[PDB]
Amino acid sequence: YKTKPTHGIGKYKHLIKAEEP
Amino acid sequence: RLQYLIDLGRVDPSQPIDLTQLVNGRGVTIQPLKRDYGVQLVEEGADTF
Amino acid sequence: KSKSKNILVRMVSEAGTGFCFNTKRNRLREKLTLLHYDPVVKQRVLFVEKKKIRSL
Amino acid sequence: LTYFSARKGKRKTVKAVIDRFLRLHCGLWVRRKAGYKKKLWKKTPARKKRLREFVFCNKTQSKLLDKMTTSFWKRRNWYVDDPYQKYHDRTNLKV
Amino acid sequence: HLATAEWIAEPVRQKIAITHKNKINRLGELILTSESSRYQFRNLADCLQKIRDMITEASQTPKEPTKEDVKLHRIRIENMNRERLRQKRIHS
Amino acid sequence: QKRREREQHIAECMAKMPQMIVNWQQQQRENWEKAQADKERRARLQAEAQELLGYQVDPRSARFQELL
Amino acid sequence: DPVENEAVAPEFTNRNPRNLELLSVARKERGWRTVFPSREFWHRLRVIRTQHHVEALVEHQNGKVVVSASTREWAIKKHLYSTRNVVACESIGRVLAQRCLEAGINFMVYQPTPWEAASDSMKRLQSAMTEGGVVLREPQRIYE
Amino acid sequence: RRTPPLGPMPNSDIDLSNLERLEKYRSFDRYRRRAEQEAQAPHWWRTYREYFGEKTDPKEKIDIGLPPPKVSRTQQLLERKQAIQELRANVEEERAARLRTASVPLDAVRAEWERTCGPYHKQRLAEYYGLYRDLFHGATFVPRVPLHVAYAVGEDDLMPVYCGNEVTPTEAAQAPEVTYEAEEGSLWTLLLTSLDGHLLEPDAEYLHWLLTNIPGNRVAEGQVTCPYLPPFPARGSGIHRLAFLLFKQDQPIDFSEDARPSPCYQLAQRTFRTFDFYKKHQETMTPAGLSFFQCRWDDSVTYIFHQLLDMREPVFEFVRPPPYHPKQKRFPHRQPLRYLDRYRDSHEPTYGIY
Amino acid sequence: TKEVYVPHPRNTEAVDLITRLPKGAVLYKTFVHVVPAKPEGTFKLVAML
RNA sequence: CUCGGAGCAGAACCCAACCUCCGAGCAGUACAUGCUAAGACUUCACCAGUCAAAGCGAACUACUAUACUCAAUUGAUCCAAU
Ligand SMILES: [K+]
Ligand SMILES: [Mg+2]
Ligand SMILES: [Mg+2]
């Protein structure tokens, strides 16, 4: 949740190369 | 209900009991105009009858 | 509305129970014969298409 | 609704109601589901089972149906082998 | 008292004791109980029918292979492995 | 009589059912086996083209179907 | 004149951790349907293959290891030409099956990946377990 | 509004500038291995382990057992490496391994396992079964003296007791044959307790067997402090744990306060707690060996209750909580007709005043 | 709670993602659990035969 | 002019304009898409709609197998056909 310190623990797309045709 | 009526003297077990005696004792109310065809004897109270 | 591809057909049990179920099939394919559960006999039996109910 | 008939000066029943709803003596009304015989080929088994259920009406609908039917339809009946006999009386109902 | 009862055949008495050993108490009395009805009459009738079923089953001597219950299936595997651990004496 | 006739009809029809199934299933396998054979043929017709792709890729297959 | 031995508590307390499991009434951890592997089991066979060794574990769903067999053990290593081949995996299955029976473990689930299941190593290890007496499926929980 | 993380966030140590040059997993198996490791580490956020993991005490479990044996690793490693070279030098061994026809001798493996890792596998298995929890209130020991217990069944067959295998009360109707390796002059105490049998007290045990001051491994010459009573797991009560505990005595001990009569058929006298028994004798007694089996009711248990214990047999049943239903409402809108049956006590017709 | 996310090996899309992740990187997701409140049942004395 | 997705409406739910954008009025695979039944959700009413443990019967000890893939993919009552 946004307000909580665990905000963004599930972020993953920054770890993968941008593959956008 | 039948045992209750007999205990209070409202129905006489010494004579045959039919609809006339049940009605005369005010034991049951029958409405022939409302498609009543008579009385059905139900088991409730069998243990103490 | 004009487009037409499939059709709804009645599948009747071959066990003689009279149990039927409806299925969808392509209009240009052959009549269906399916193995389907028949509750009357309580086991899977062959069903054969009899009639087309409507166009889907 | 006809509150006072021209011939008897009595309330009349809306017979459309009698053809669709079952009144249990405890006050509940039972009905079928709209569409339960419609387009079954496009409906899932779970949905079709829901549509086959006999369901109860709410308070407002029950009050309405009660007004649209005369007292005759609220009497206690003793039909022989009535399938709904058990449901005419409530049990363990609080408040 | 199952053993004393002379209205049941002796062979039937001995086969009921094995089949319904779990219903026979320390004194040897076969105890049946029914609580499925509001009326004592129906409860007694159920108990009496159980007695009649017990005598019928014992006399029938059915050899038909009944379908194995799920709880029994697990016990069968567990009994098989218990026999598999059984050993023999080195010097008998 | 009606009940006896319906039960007899089902019994008779249901005694034939086991043989009916083996025939049906055996023929379904053959139908599936006959589709696979047709698939192999198409692939062969493309090899006969020998990568000479273009507009004249559809009619070539038609010529060989006529031969079959 | 009551009998002292007949003083029995109205409720029986069985502290055996396996009691409800052995009666197939204990809860299994259902759920986790979007992740792998499932948690819906009491015991599971888990096989760890490394560059040099093969280890097989029987563990409770709570994460406690019950029994184990590894080629790191001298008892097994001394009889093996290689501790990393198909023979090693089959040997681990046979040794583990015996240890399972002695511990009372007759049932477990095995949760391989598709490539692991197809491998000859795991197929030989599974056959060793079933030949050894262990059943690699668990009985269904009884809810009623 | 934002709140700073309470600790290091996952995936923070990854350098995102050199993403193209960083090594990727490439395999499901390599990700899973790392994922399993991360799951086991402690975290500052809420976790499944926090709510479902057993709450172990932070202080380590006190070891109350015999000292570990002293080993020379250098000499051991030399002998082990030499044996492997000899095995691998043989050309038939290489061919059997390559052709997948080789096998291990299970009997020889177990013998070596008894002398090496066996003790630690038994400790791990006893911990899983809750024996240390129930017998010593969480204190543990490594059973370093292999204890072999077998019940004689018939005349040619034996039923061994390992560590949780099932033995029936009929098989255990008489005292088992017990053997262990003991030096001359050593004294030992063997006891059998039912952890789950007690019919009255939830935290109490039944003492089924107590032999004290055993000279060496001659169990038949020890003092019968409590005579053997076969297991009597009550019908419907599930599966019980019976544990044999072997104790090494430092000196001859006086067990007069633990002596039971012969025969002892009173369940109040058999009431026993291993923790209390060991606590008073801890200064002169050390746990050495352990064996246990699992037992369920069988038809021979009726004989124990009716004849030996002179009592009626208790029968138990597993009873489930009653099903939940929401409070019944006067108008159950849109609920099916069977809604009313959920709140009905009886199935037989009622007629009220009539 | 927050837990490590391991997809099923048959879920092609999710597996394609994790294989392309830098080594050392672990995906997390939010999970909801129910902590059972009551035991499955209790053993009760039913008879003294 | 009915239905669905996105923004407006940034974080539980809800939220309008002849506001800003994109779609739907199917298709495909099954033929147990069989039966039954706790407990719940719900488009702010009703109608309608949605998800389901256990159980029966199947399947099953290779199938992210158990209320099919799919976002919408749709039409009450009467009545008619059978
Ligand atoms: K107990
Ligand atoms: Mg609503
Ligand atoms: Mg189910």
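Residues numbered from 1 in each chain as written, not as in the entry; some residues may be left out. Chains lettered and ligands numbered in written order. Part of a larger assembly, values for the part shown. Heavy atoms only, no water.

- The deposited coordinates, according to the entry record, derive from cryo-EM at 2.21 Å resolution.

**Quick word on the overall build of chain C**
At step 1: Along chain C, the regular secondary structure elements total zero helices and four strands.
At step 2: Reading chain C from its N terminus to its C terminus gives the helix and strand order β-β-β-β.
At step 3: Seen through its C-alpha atoms, chain C measures out along the principal axes to roughly 40 × 15 × 15 Å.
At step 4: Intrachain contacts of chain C at a sequence separation of at least 6 include 40% that bridge at least 24 residues.
At step 5: Carbon together with sulfur atoms contributes 48% to the accessible area of chain C, which is approximately 3,800 Å² in total.
At step 6: When the 15 basic and 4 acidic side-chain charges of chain C are each reduced to a single mean position, those positions are 11 Å apart. (Helix = DSSP H or I, 4+ residues; strand = E, 2+ residues; numbered from the N terminus. Contact = heavy atoms within 4.5 Å. Areas by Shrake-Rupley, 256 points an atom, 1.4 Å probe, with all protein chains shown as cover. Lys, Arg positive; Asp, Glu negative; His and termini not counted. Charge placed at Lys NZ, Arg CZ, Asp CG, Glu CD.)

**Here we look at the protein's contact with RNA strand J**
At step 1: Every one of the 47 residues lining RNA strand J counts as a neighbour, but C:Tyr37, D:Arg47, G:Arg137, H:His325 and H:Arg338 are closest to it.
At step 2: Counting only atoms of RNA strand J within 4 Å of the protein, the sugar-phosphate share comes to 71%.
At step 3: The side chain of C:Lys5 places a nitrogen or oxygen atom 3.0 Å from a sugar or linking oxygen of RNA strand J.
At step 4: Separating a phosphate oxygen of RNA strand J from a side-chain N or O atom of D:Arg31 is a distance of 2.9 Å. (Near = heavy atom within 4 Å. Polar contact = N/O pair within 3.5 Å; in protein donor to acceptor, adjacent residues only side chain to side chain.)

**With respect to helix α3 (residues 86–103) of chain G**
At step 1: Compared with an ideal rise of 1.5 Å per residue, which puts 18 residues at 26 Å, α3(G) spans 26 Å between its outermost C-alpha atoms and is within 8% of the ideal.
At step 2: Just downstream of α3(G) lies G:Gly104, where phi reads positive at about 90°. (Expected span 1.5 Å × (residues − 1).)

**Some thoughts on the coordination of the potassium ion (ligand 1)**
At step 1: On the protein side, the potassium ion (ligand 1) has G:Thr13 (O), H:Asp196 (O) and H:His198 (O) as donor atoms, found 2.6 to 2.8 Å from it.
At step 2: Overall, the relative accessible area of 1% leaves H:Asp196 in the buried class. (Donors = N, O, S within 2.8 Å, 3.2 Å for Na, K, Ca; no water. Buried < 20%, exposed > 50% of the residue type's maximum accessible area, 1.4 Å probe, protein only.)

**Observations concerning the pattern of salt bridges**
At step 1: A full pass over the atoms with the stated rule returns 57 salt bridges over all chains.
At step 2: Between H:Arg98 and H:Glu94 there is a salt bridge; the shortest N-O distance is 2.9 Å. Here H:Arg98 and its partner H:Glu94 are both found in helix α4 (residues 91–98), four residues apart, which amounts to about one turn of the helix.
At step 3: By relative accessible area, which is 26% here, H:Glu94 ends up partly exposed.
At step 4: Among the charged side chains, a network of salt bridges with common partners joins E:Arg74, E:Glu78, G:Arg18, G:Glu21, H:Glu166 and H:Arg296. (Salt bridge = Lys/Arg side-chain N within 4 Å of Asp/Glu carboxyl O.)

**Concerning the side chain of H:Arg32**
At step 1: Turning to its location among the elements, H:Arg32 is positioned in helix α1 (residues 28–40).
At step 2: Other than its neighbours up to four places away in sequence, H:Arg32 contacts G:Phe36, G:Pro37, G:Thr113 and I:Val6.

**A word on the sheet that holds strand β1 (residues 22–23) of chain D**
Sheet strands pair via backbone hydrogen bonds, and the direction of the pair is either parallel or antiparallel.
At step 1: With antiparallel pairing, three strands are arranged side by side in an open sheet as β1-β2-β3 (chain D). Looking at the sheet topology across the chains shown, the edges are occupied by β1 and β3 (55–56) of chain D. (Pairing = 2+ DSSP bridges.)

**Concerning the packing of aromatic side chains**
At step 1: Evaluation of the coordinates by the stated rule reveals 32 aromatic pairs over all chains.
At step 2: Members of the aromatic cluster, connected to one another through ring pairs, are H:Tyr132, H:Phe136, H:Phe141, H:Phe247 and H:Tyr278.
At step 3: Of note, G:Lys28 hangs over the ring of G:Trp42, and the distance from its end group to the ring centre comes to 4.3 Å.
At step 4: Above the face of the I:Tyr5 ring, I:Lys29 is positioned so that its terminal group lies 5.0 Å from the ring centre. (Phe/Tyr/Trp six-rings, centres within 6.5 Å; stacked < 30°, edge-to-face > 60°. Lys NZ or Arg CZ within 6 Å of the ring centre and 35° of its normal.)

**Observations regarding the interface of chain H and chain D**
At step 1: At the junction of the two partners, chain H supplies 20 residues and chain D supplies 28 residues.
At step 2: Of the roughly 2,100 Å² buried between chain H and chain D, counting both surfaces, carbon and sulfur atoms make up 54%.
At step 3: In this assembly, chain H and chain D are joined by one salt bridge.
At step 4: Connecting chain H to chain D are 15 residue pairs in polar contact. (Buried area = accessible area lost by both parts, 1.4 Å probe.)

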